[PDB]
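Shown below, as structure tokens, is a lone chain in the form deposited in one PDB entry; questions about how it binds or moves come after it.
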């Protein structure tokens, strides 16, 4: 039998939420920016030998629609919190996401993975160690990714599934 997982992809504008999702769903990358309003996807994968149906909600980085964003967080089971490794502000934004998710879901243990994207680029401003230390303080996994090269893409989403599965048991 199958298991289904409701994943929600959040993070600041332009960090690569959609590029990550499209690499997972469609196996390609383009440099063109297509700004998100809202998109949803479904994909069947095998994780840890078990068949998994992934529901992916790709949200916009825009933060001014609290009523809708709260319902994303109520419904979602796990959250991919994305920043870009060459955007320090996007890394500073991360704790706001964790705070909002804990608030809306009324829990300090929500399935969450920290994702440092665009690791292919030569313009890093956020040290891996800084992000590793922040994920440790949260007790959550940290994964560096590149939607362009596909580095870490499967790992980031599949780790999130594993965090949900662990939490549910």
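Positions refer to the first chain, counted from 1.
The discussion below concerns the form solved in complex with a partner chain, not included here.
Site residues 132, 136 and 159 are none of them in contact with its partner chain in the entry with it bound, judged by any heavy atom within 4.5 Å.
Exactly one listed residue, out of 63, 50, 120, 127, brings a non-hydrogen atom to within 4.5 Å of its partner chain in the entry with it bound: 63.
Taking the partner from the other structure, its partner chain in the entry with it bound has a heavy atom within 4.5 Å of a heavy atom of residue 97. In the entry with it bound, at least one heavy atom of residue 10 sits within 4.5 Å of its partner chain.
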